[PDB]
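# following this: a sequence and the matching experimental structure.
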Amino acid sequence: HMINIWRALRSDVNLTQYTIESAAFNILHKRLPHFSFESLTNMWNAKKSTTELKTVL
Amino acid sequence: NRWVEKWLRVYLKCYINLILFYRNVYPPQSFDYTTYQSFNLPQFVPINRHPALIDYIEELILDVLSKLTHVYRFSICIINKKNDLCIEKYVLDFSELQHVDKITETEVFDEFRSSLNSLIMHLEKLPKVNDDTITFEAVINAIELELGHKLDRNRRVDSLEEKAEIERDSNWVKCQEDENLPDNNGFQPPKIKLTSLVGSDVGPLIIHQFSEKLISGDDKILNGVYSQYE
Amino acid sequence: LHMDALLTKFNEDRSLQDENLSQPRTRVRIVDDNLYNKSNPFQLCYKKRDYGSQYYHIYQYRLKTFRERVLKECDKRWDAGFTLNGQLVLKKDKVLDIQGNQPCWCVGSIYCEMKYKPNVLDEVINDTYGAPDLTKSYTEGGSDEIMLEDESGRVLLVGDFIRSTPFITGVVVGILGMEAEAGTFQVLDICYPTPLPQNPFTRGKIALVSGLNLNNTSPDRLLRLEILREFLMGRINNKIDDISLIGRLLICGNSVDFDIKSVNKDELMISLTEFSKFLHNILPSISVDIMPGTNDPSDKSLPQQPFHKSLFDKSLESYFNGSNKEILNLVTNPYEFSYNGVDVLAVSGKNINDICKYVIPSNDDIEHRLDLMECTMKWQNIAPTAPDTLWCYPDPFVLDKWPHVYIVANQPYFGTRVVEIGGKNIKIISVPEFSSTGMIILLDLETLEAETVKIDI
Amino acid sequence: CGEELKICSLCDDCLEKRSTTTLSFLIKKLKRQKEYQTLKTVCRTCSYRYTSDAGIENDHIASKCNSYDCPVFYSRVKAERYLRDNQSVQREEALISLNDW
Amino acid sequence: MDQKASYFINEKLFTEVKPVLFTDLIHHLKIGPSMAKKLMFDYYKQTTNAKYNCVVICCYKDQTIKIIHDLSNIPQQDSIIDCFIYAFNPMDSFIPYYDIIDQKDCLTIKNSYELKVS
Ligand code: SF4
């Protein structure tokens, strides 16, 4: 059985964005920074610092 | 009429704050020694941090300054909370005030500093006052004005200035001289004490100052308000 | 003895000599060789300003310079052919190439946790309007061990040599030792960037006062400042010969303390006018040098520009004509005062407070502060925490010449120490604040000795 | 026309009032800089969750964040716009002109 | 020098309520600090009206300037190197006020660097 978890949250809780960061902040009270996919692909490249790899992981 | 009113308001605010602080009208913890109270005070006059008290003092000063033309004597009355007896009377005599519609800041502030220093010197020598057993009032002496009769026309306000004027007109009640003093029972009658203090004598502002003290009684007066001997 | 007895013992037998006042004794002439030399590394142009970016470039520049310095020092010390007690030391390049039981040395940056203090988190949370739970985001005990990185890998560092030494991320050291049983590197000897050349060293004395914190609430600070001004003129101590040896007076910053969140121009103007009154009352007697402070109305970045030509009373127009700067000079936050041929480095102290606000679970006392100053000097940089101290540029903080005397202001404790790094002697002085425990430091240039004068009430 | 609110007025200032105008400009600049520094510190602390480091190369990652569900990002964007706005350049030019004496 | 500094102190203490320092007498009579301290010592006596609170400081061997507040138990009696009346206070609170003083020729220590205009 597969579930669309964002859809399940939409059916359960009445949020205004239904975004993973927004849902986390609204329910679990945890704030999660969001980075653009370009930032992800620039931080995941080879010969980069260990800090960037730790950040993405 | 622009700089004179500002200096008079600053002096009145410092006078009221010093009188409240040194007479234990309000707890000394609330009072804090400061120089800036939105105006350049002459010295480190202790100003209370209570917002309601600050607003009340500012409104009282503004109301006094609004009718300063017809007011020749401003006094702060100290009355016991338990019984309505005036135990201390401090008077800011405005003999002439040199009312002109036409002196810098250093000389005026120096005169204000001297006046406040004399007031402090008078106040420290006074005995301590018990806590939560004293209250202060404001009594002014006028020459030609009637207060409280401006509401007979059913006037409807349209601006803040007219509303403030109609509020200040009805904020005073008529009293009589030597009203809250003891009624001279005759059994060792109280004898009020008069003390003279120097006042500011700048070119635009001429001010005289003196204070009144009961320094006597016939029982039930000054009881449990002077912290016993000391 | 009673007060009257002391008064009649001391004041009654007044000397009443050497007080003609018609031909006052000339103060010791102390000149600033950098007053007209210009070329200040920390001087920035406001026209360029800060674009809010270009930080990784300065990070790369600092990393490259420190790596080159430490590599040169390692080559000078751990040259080819040198053999340790165990075996010959191998000059390994990559930190992940140390696979064996053989002594070796490598160069890399130091990694640490450096958690924020709870009070700092509470302060920043209340002034953000939507700040998340910073403590919850911090969340585990953290990292209690020092780890090394050189853009190729991260390994664990163990040993008592590195345990008893504070460290801040962004600096590079030369770690030498043997590989441990697990994936960790033992620390036996450490390396630091090569020492910089130092200029060659009855002269006079300089009085340092910092943390005046003049405001419109505390009246005691004004009284203490007036007492200091009277003492600096010889009126209090009456020892004209001793007082006249103070050639210059250096204010290190924090002249006025205010909260920028809620402050009006009138109270700040009142405080500035009081400061100008003090300056005008003390400038004829002694030269005064003004330095920016953390809470003063200056740039929050560490390279603070001088205060302004304005913000002072009209009585200082003669002193601010532009031609007469030798008796009243305003300098940047970091500066090299070449006092009588002695170059001294003075800062407001924002860097030290920046590292102090961090919690490092691997290393607030006077000895701890002195050790922090020692580490700052050894790392060959002024601000190890670049993001907290400075913001962009328009790297001057990388030292190019070691100063004779180190001056740091706004510190709860006063301490002095003479050190010897690379055959060079550097004196570190931490002048305390004047608002609380208002003591000042008299630095004698002839004997490099610092004495403290305490003012009470 | 005018840096301050004289109805109308170079430096765009009719009355000099140097000791007050420069104080007001310094107060405004200091408030903006302190707000920006507090926002940057908050963002760095938030990004420490992924970076696990409080030094350099974490502030860059913190500034790389562009989440639209957090008011701190909007406040930081507004602060950056205010710092980089033409008004800030005008204030700096006025400060330079007033300090040119 | 007598009958003039005493009169000035009397005026500045009673005609207008303001604490007086010795620097005021340096500005007034252009005399040295030792003479002003001797004048304060002379004025401290032969005064029946104790309407002022004298302020006395202590100069220690380590230049530890301290304001005397208790006047009963002063620590390090033998370590004091100088004692004189700092100021005359008409009340308990001091709160001195400072202004611009034209020190044209009252300086006792003059800086080697002079002042030039234009
Ligand atoms: S913006 Fe909101 S989420 Fe992105 S970093 Fe700053 S605080 Fe954390």
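Looks like it came in fine. Numbers count the residues shown, from 1 in each chain, chains lettered A, B, ... in the order given.

# ok, the residue in chain A that the ligand sits nearest to - contacts?
Residue nearest to the ligand within chain A (Cβ to the nearest ligand atom): residue A:33, separated by 3.8 Å. Where C-beta positions appear, they are placed from N, C-alpha and C, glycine not excepted. Contact analysis of residue A:33 by Cβ atoms under 8 Å, 6 or more residues apart in numbering or on different chains lists A:21, D:43, D:46, D:47, D:49, D:50, D:62, D:65, D:67, D:70.

# A strand includes the fifth one, no?
When you say that, I think you mean residue D:49. No: applying DSSP: H, G, I helix; E, B strand; the rest coil, one finds residue D:49 to be helix, outside a strand.

# how deep is it tucked in, by neighbour count?
For residue D:49, the count of nearby residues is 18 (other Cβ atoms under 10 Å in any protein chain shown).

# cool, and the fourth one?
A total of 24 residues lie near residue D:47 under the criterion other Cβ under 10 Å.

# that one: what's it in contact with?
A:33, A:55, D:58, D:61, D:62, D:65.

# relative to chain E, how far out is residue C:57?
Residue C:57 sits 43 Å away from chain E, going by Cβ to the nearest Cβ, to the nearest Å.

# my error: substitute residue B:197 in the last question.
Using Cβ to the nearest Cβ, residue B:197 is found at 9 Å from chain E.

# which residues does that residue contact?
Neighbour list for residue B:197: B:115, B:118, B:119, B:122, B:209, B:210, B:211 [criterion: Cβ under 8 Å, 6+ apart].

# my guess is residue B:108 meets residue B:10, correct?
No: applying Cβ atoms under 8 Å as the test, residue B:108 and residue B:10 come out as separate, 9.3 Å apart.

# ok, the residue of chain D found nearest chain E - contacts?
Nearest to chain E, among the residues of chain D, is residue D:101, at 14.0 Å (Cβ to the nearest Cβ). Neighbour list for residue D:101: C:309, D:18 [criterion: Cβ under 8 Å, 6+ apart].

# how close does it sit to chain B?
For residue D:101 relative to chain B (Cβ to the nearest Cβ), the value is 24 Å.

# do the same with residue C:372
From residue C:372 to chain B the distance is 36 Å (Cβ to the nearest Cβ).

# and that residue, how many neighbours?
Neighbours around residue C:372, by other Cβ under 10 Å: 20.

# who does the helix or strand harbouring it touch, helix- and strand-wise?
For residue C:372, the element it lies in under DSSP states H and E is helix C:366-378. Contacts defined by 3 or more Cβ pairs under 8 Å, 6 or more residues apart in numbering or on different chains; DSSP states H and E place helix C:366-378 against helix C:350-356, strand C:405-411, strand C:415-421, strand C:424-432.

# let me know whether residue C:381 touches residue C:62 as I believe.
Yes: shown here, residue C:381 and residue C:62 form a contact pair, counting by Cβ under 8 Å, at 7.2 Å.

# need the overlap of contacts for those two.
residue C:398.

# what's near enough to touch the residue most central in space within chain E?
Geometric centre of chain E, nearest residue: residue E:22, 2.8 Å, by Cα atoms, centre = their mean. Contacts here follow Cβ under 8 Å, 6+ apart; on that basis residue E:22 touches C:235, E:33, E:36, E:37, E:40, E:84, E:86, E:87.

# filter those residues down to just the ones in strands.
E:84, E:86, E:87 (DSSP state E).

# most neighbours of all these, which one?
That'd be residue E:84 among those, by other Cβ under 10 Å, with 24 neighbours.

# excluding its backbone neighbours, what's nearest that one?
The spatially closest residue to residue E:84, leaving aside those adjacent along the chain, is residue E:37, at 4.3 Å (Cβ to Cβ, 6 or more residues apart in numbering or on different chains).

# so who does that neighbour touch?
By Cβ under 8 Å, 6+ apart, residue E:37 lies in contact with C:11, C:14, E:22, E:84, E:85.

# residue D:71 too?
Residue D:71 neighbours (Cβ under 8 Å, 6+ apart): C:129, C:130.

# longest helix in chain E, by residue count?
Across chain E, the longest stretch assigned as helix under DSSP state H is helix E:33-44.

# contacts for whatever helix or strand comes next after that helix, please.
The helix or strand immediately downstream of helix E:33-44 is strand E:53-60, counting by DSSP H and E. Outside strand E:53-60, the residues that touch it by Cβ under 8 Å, 6+ apart are C:3, C:7, C:236-237, E:44, E:64-68, E:71, E:74, E:76, E:79-92, E:94.

# with only the CA atoms kept, save strand E:53-60 in CSV.
Taking Å, rounded to 0.1, in the frame of the first residue of the first chain, the C-alpha atoms of strand E:53-60 are listed here in CSV:
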residue,chain,number,x,y,z
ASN,E,53,28.8,68.0,53.9
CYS,E,54,32.5,67.9,53.2
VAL,E,55,33.9,65.4,50.7
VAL,E,56,37.3,64.0,51.3
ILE,E,57,39.2,61.6,49.1
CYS,E,58,42.2,59.4,49.9
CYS,E,59,45.3,59.0,47.7
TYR,E,60,46.9,55.6,48.4
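
# and the residue lying farthest from the centre of chain A, which of the three is it?
Among the C-alpha atoms of chain A, the one most distant from their mean position (Cα atoms, centre = their mean) is that of residue A:47, at 25.0 Å. Recorded secondary structure, residue A:47: coil (three-state DSSP).

# still on that earlier bit, save the contacts of residue E:37 as CSV, and put in distance to residue B:58 too.
Putting the contacts of residue E:37 into CSV (distance: Cβ to Cβ, whole Å) gives the following:
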residue, distance to residue B:58
C:11, 49
C:14, 52
E:22, 41
E:84, 45
E:85, 42
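
# burial of residue C:275, as a residue count?
Residues lying near residue C:275 (other Cβ under 10 Å) number 22.

# with residue C:75 instead?
The number of residues packed near residue C:75 is 12, by other Cβ under 10 Å.

# please identify the helix or strand for it.
Following DSSP H and E, one finds residue C:75 within helix C:56-77.

# quick check, central residue of chain B?
Compute the mean C-alpha point of chain B, and by Cα atoms, centre = their mean the closest residue is residue B:76, 3.6 Å away.

# wait, that residue touches residue B:90, no?
Yes: look at residue B:76 against residue B:90 with Cβ under 8 Å: they come within range, at 4.7 Å.

# cheers, nothing more for now.
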